[PDB]
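Here is the structure we will look at.
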Amino acid sequence: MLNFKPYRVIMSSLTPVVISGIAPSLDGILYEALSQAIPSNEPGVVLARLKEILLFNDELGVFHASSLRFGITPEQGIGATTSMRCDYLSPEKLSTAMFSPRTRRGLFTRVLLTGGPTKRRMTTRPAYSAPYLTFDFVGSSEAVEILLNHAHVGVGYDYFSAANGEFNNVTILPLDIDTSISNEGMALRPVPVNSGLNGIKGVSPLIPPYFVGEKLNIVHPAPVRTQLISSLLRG
Amino acid sequence: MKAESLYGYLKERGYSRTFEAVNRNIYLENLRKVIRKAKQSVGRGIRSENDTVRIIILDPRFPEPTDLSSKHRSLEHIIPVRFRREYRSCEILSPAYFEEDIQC
Amino acid sequence: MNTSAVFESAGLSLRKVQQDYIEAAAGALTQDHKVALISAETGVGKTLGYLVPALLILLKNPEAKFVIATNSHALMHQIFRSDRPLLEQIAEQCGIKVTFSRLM
Amino acid sequence: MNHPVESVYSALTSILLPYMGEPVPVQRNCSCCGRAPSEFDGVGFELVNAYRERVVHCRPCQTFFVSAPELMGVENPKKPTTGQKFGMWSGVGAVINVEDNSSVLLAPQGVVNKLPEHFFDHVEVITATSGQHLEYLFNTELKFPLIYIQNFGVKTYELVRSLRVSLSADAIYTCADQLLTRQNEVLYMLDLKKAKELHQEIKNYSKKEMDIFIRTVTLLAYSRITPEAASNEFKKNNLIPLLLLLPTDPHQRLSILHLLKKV
Amino acid sequence: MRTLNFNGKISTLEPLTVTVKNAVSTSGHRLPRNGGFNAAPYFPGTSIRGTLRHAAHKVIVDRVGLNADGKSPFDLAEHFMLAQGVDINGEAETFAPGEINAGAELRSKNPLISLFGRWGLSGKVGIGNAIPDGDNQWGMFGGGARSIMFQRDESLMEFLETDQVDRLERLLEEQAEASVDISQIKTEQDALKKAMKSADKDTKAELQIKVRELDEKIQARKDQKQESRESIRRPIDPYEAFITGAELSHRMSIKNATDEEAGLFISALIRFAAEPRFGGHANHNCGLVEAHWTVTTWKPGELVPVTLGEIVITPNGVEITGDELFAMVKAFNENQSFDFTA
Ligand SMILES: [Zn+2]
């Protein structure tokens, strides 16, 4: 229970953002940030504290936290780059000082890195490299500023592991109209199908974390939305 | 020379930092000094609650509101926080890239 | 305590930001041998923002003083140009003394 | 039963029905597709792979590891007694019509040469390289729902876990043997409807204007030209409607452009 | 449990570079830029994460020690579990997909698999990217050229026998002819590529099955060289690195971590300070860094960062400041009940 005002948050993207099909919702970023702030992974308490910094739609069952929208400037636009993760079995990793390989003829059985359960996993994921990221939300500007600046949270699939979508220079500006849930009838974030908002059908939990809870039918915006930075700063 | 003096100090203190690193540090400290000095300059206006000021920065290097990636982005702190909306909606005397892109 | 009443009851048009600055200054001055660094943009009010904490801390342990160093020569007037009666009235409400000292 | 691998098995890999043998009762989930044994009716095929790992493959999954040289020809002459395997084909795709339960195999000319005559009798094969799959998909009238495998590849487990029914031409899910996570389906999702309408409306533009549009959009999607430059190029070449018909996603833009320059 | 945010700066002692397949192109080796060429590169957090995970795994190996036979107790399965979290033997606790706080037993028993995750267990350590703090802090380092030793120092020829001198002359002749052949083949390839940007589908297909055949001709000509497959007098392509003394803002964190897991992380950082190398091109001493990380935590309930201490890695030593950091380090040194063999 705190006075919530519609704010738009714009940050400078530093690394490619990997979208997990559904555009990353700022509510999820804030949920992760609070899970870091409150040393607890229990969804109930983290959600209860998230409602204190974000406006929650009871009738609609979501937080006022728009999905990711790529702020593109006339200098740099939305770019297609691959978030690229490779196992690097260095000579130090491949040495008897670190483990005991099975031996035959006194020779150490080399690890088959070309394939199998012990291969060099070349996991490549799509990622969108825009100069800025933007979200809208009806919440406390102080708490979200503190979280986004100091909590280890990024935009995309794995900021924790892959460090994808690192951001900085988080700038919050007030808005005039709440553009978190709806935008002239176009959902700007995951919402239930019965809400009457159009967009793209999908399956996902309405409330974060988006990897737990029954995946019920939802309507979500385009995964990759781009807007001019000048238009985003207009408010 | 302030860069040289600081580099010599750190070198004698044992810290291993290149001269250009000390130059960058001194440049950032000078930039913060400049931000404070121009904050003082702006503070010359709005001395009373009823005062109305039109602040006109004629410097090309002052960051445009839409150019959030300008090198001197910290200069936005010159504007008081309360008037940051007025910073966003400002008459630009010579805006760059002043067109309507289609890849929106 | 007297903090809430004595500001508004004395007739001063105190604002919330004034209350926050006054409370922060008072709490910082309560702590001993530390250093308090507060930025107070024009409009919050420094002439009375920190002097009212000084009076409030004067009420306790009333055997100390508070030097108020102001660089600009005009601001030393400003401390006692049109606010000396104001602070005197505040002292009359709080109750004990001002005992000014216009040092030069 | 009602899983992606079952449909492709029934439509396409049922040709090697004679060449597995009877199943074995199992008590653990199929390591290849990963679904529960409750939908296997308690039967499964035990196997040991080239990495010496005990793996259970259900009826529709085990077909990707069957050796049927007398039906599938020889894949490597150095080892005559192991023919082509569905799970080992690289560069070979297929389109499976689930409701009809039919399959069309998109293999390159080399694989078609390696296949015997008896193979074609059960499965219709059209010679197409890896890049010509999109040509077949665009030109031929697809029938939905369908399973479109783009690269059988060698990672059979990831292939089966990437299979997804394409319910309509708006979203055709390519199964390229790479694990179809929710992060990378944009690289494996093909919108034949949007590509088709864009191809229909591209006829109104010159070949020079076409090349210009494709190169500008490709550079923009790869962030090699500034958005202002691309906008100037589109405005000067009157390419605004084409951009309006493109998805905002740059990866989807690249995918549909790759499709366009193939047809 | 506590969330320890290591916010700090990495000052580069010698140029910091990394090879990334997407970033690297035929034009040259470029760092990941998250955009076009005229953008700010970032050192991947994946590379720092893997380096610190390797450091932590080495710390665990040292803590565990060696068997009576002088061989590490870890086998291939356990070694890969601890190094890269790949269960090769298919024997791992398949935690429930929806239960977040799963593996508390495994987390307590294996602090390494707790800090960095395994496949199916979310890691506790989030290693961010090293973002430069300037607009010009990267450059085309390395480069240079491989020079034939006997064409630079004539004295080195006094050691070669006349048979080997003739071998050298044959090598140089083969190199010259291979160069003058491959250059012409590449000129033809360039002309074909120039004709690739005015072609239609049919002639495109005709003139790109030709380029790869020219490449095969290049490979065959290189194979024809009897004395050396590759030219020795090679100009080395430069690699893009961060300049020496680049202040890169680095954001790391550990989430809801027991004091023992944080102690393992600090020990891994201390061990990393022995060879504080990030990235490749170690031949040119690339990767040497000195970093100062203010270790902060979150106040219970309040969204305020408390400063628990500082971690300053420098060539002169590791400076751990803050009592709680020492407490975590000793706690990790204690609790010998860790089980890295299961
Ligand atoms: Zn199966």
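Going by the structure tokens order, chains are called A, B, ..., each with residues numbered from 1, while ligands are numbered from 1 in the order shown.
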
Could I get the residue neighbourhood of ligand 1 at 6 Å, counting only C-alpha atoms and all ligand atoms, as a PyMOL selection string? chain D and resi 30+32-33+57-58+61

Could you turn the residues from that selection into a file that holds C-alpha atoms, as a PDB file, in the first residue's frame?
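Output file selection.pdb follows:
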```
ATOM      1  CA  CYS D  30      11.777 -42.599 -23.059  1.00  0.00           C
ATOM      2  CA  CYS D  32      14.786 -39.644 -26.449  1.00  0.00           C
ATOM      3  CA  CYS D  33      11.453 -37.775 -26.412  1.00  0.00           C
ATOM      4  CA  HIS D  57      13.194 -45.351 -27.086  1.00  0.00           C
ATOM      5  CA  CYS D  58       9.466 -45.734 -27.571  1.00  0.00           C
ATOM      6  CA  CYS D  61      11.279 -42.780 -31.324  1.00  0.00           C
TER       7      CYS D  61
END
```

Write down, as JSON, numbers by chain, each residue of chain B that has any atom within 7 Å of an atom of chain E, counting only C-alpha atoms. {"B": [17, 18, 21]}

Residues within 7 Å of residue 79 in chain A, please, as number ranges by chain. Count only C-alpha atoms; anything in the same chain fewer than 3 positions from it doesn't count. A: 128-130; D: 220-223, 250; E: 35

Range 166-247 of chain D: which residues are strand (DSSP E or B) by DSSP, as an mmCIF file with N, CA, C and O atoms, in the first residue's frame?
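Listing of result_4.cif after writing:
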```cif
data_model
loop_
_atom_site.group_PDB
_atom_site.id
_atom_site.type_symbol
_atom_site.label_atom_id
_atom_site.label_comp_id
_atom_site.auth_asym_id
_atom_site.auth_seq_id
_atom_site.Cartn_x
_atom_site.Cartn_y
_atom_site.Cartn_z
ATOM 1 N N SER D 166 2.506 -27.653 -36.857
ATOM 2 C CA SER D 166 2.244 -26.352 -37.468
ATOM 3 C C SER D 166 0.763 -26.300 -37.819
ATOM 4 O O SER D 166 0.336 -26.850 -38.835
ATOM 5 N N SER D 168 -1.193 -23.905 -38.842
ATOM 6 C CA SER D 168 -1.607 -23.130 -40.006
ATOM 7 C C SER D 168 -0.390 -22.405 -40.565
ATOM 8 O O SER D 168 0.672 -22.358 -39.941
ATOM 9 N N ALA D 171 2.190 -19.793 -38.814
ATOM 10 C CA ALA D 171 3.319 -20.204 -37.985
ATOM 11 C C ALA D 171 3.682 -21.656 -38.279
ATOM 12 O O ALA D 171 3.067 -22.579 -37.734
ATOM 13 N N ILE D 172 4.680 -21.847 -39.135
ATOM 14 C CA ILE D 172 5.228 -23.163 -39.449
ATOM 15 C C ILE D 172 6.494 -23.353 -38.627
ATOM 16 O O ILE D 172 7.456 -22.588 -38.770
ATOM 17 N N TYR D 173 6.500 -24.373 -37.772
ATOM 18 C CA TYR D 173 7.619 -24.628 -36.871
ATOM 19 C C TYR D 173 8.608 -25.565 -37.554
ATOM 20 O O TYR D 173 8.303 -26.736 -37.798
ATOM 21 N N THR D 174 9.793 -25.045 -37.856
ATOM 22 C CA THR D 174 10.865 -25.852 -38.417
ATOM 23 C C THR D 174 11.547 -26.650 -37.314
ATOM 24 O O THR D 174 11.821 -26.128 -36.231
ATOM 25 N N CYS D 175 11.799 -27.923 -37.585
ATOM 26 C CA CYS D 175 12.463 -28.825 -36.645
ATOM 27 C C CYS D 175 13.819 -29.172 -37.250
ATOM 28 O O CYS D 175 13.925 -30.056 -38.103
ATOM 29 N N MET D 189 10.731 -20.619 -36.439
ATOM 30 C CA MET D 189 9.345 -20.315 -36.763
ATOM 31 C C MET D 189 9.333 -19.593 -38.104
ATOM 32 O O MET D 189 10.039 -18.594 -38.281
ATOM 33 N N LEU D 190 8.566 -20.125 -39.056
ATOM 34 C CA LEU D 190 8.434 -19.568 -40.400
ATOM 35 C C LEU D 190 6.977 -19.199 -40.648
ATOM 36 O O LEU D 190 6.091 -20.053 -40.531
#
```

For chain B against chain A, which residues fall within 7 Å using only C-alpha atoms, given as a short mmCIF file (atom, residue, chain, number, x, y, z; two decimals) with C-alpha atoms, in the first residue's frame?
```cif
data_model
loop_
_atom_site.label_atom_id
_atom_site.label_comp_id
_atom_site.auth_asym_id
_atom_site.auth_seq_id
_atom_site.Cartn_x
_atom_site.Cartn_y
_atom_site.Cartn_z
CA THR B 66 16.55 12.04 -27.16
CA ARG B 88 12.56 16.27 -21.94
CA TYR B 97 18.38 13.66 -37.07
CA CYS B 104 9.50 2.50 -35.79
#
```

Excluding residue 117 in chain D and residues on its chain fewer than 3 positions from it, collect all residues at most 9 Å away from it, counting only C-alpha atoms, and give them as a count of residues only. 3

List the neighbours of residue 243 in chain D out to 10 Å using only C-alpha atoms; skip same-chain residues closer than 3 positions along the sequence, and give me the result as a list in words.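 Once the nearby chain positions are removed, what remains is residues 102, 103 and 104 of chain B; 198, 213, 217, 231, 234, 239, 240, 246, 247, 248 and 253 of chain D.
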
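For residue 113 in chain A, the set of protein, DNA and RNA residues having any atom at most 12 Å away, when counting only C-alpha atoms and skipping those fewer than 6 positions along the same chain, is residues 86, 87, 88, 89, 90, 94, 119, 120, 121 and 122 of chain A; 51 of chain D; 80 and 88 of chain E.
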